[PDB]
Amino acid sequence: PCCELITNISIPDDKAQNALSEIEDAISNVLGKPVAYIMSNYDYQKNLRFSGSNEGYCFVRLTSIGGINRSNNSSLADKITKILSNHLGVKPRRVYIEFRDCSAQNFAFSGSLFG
C-alpha cells in the first residue's frame, strides 16, 4: 500500500519520519499487508489550502490492492487522523483522507508485474 501525506505543516525530518512510521504501523495492523509493501511520504506543501484558507491542514491518499471497505476505511480514518493531530497539531476538521482500491495487475515491483 501507498500512503501519501500532503500537508502545509512543517516539522523536522525525524519527527516527520516518526509520524509516517506510526501511520505505517496502523496500515499494517488494519490491512494485514506486509511491511515490505508499505510506502509512505510526508510531502510539505506550503501553499496547500482547505476551506478557503492556508490554516494547518493534512490530506492523505491511501492506495491499496484490496482492503478498501467500510470497516477498514473507518478504522484507518480514525487512527490516521488521531496520529496526525497528535504529531502535527492539525485540527481533525482539517484532515481529509482518500482511500483508493487498485488492481494487482496495475502494479509492478522490481521491474515486473504482480499479476
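Heads up: residue numbers just count along the shown sequence, starting at 1.
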*In terms of the CA temperature factor given in the entry, to which third of its chain does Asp101 belong: lowest, middle or highest?*
highest
_Is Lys33 in the lowest, middle or highest third of its chain when residues are ranked by C-alpha B-factor?_
highest
*Looking at the C-alpha B-factor of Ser53, is it in the lowest, middle or highest third of its chain?*
middle
*Grab the CA temperature factor for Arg70 from the record and place it in the lowest, middle or highest third of its chain.*
highest
*Using the B-factor values recorded in the entry, state whether the Cα atom of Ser10 falls in the lowest, middle or highest third among the modelled residues of its chain.*
lowest
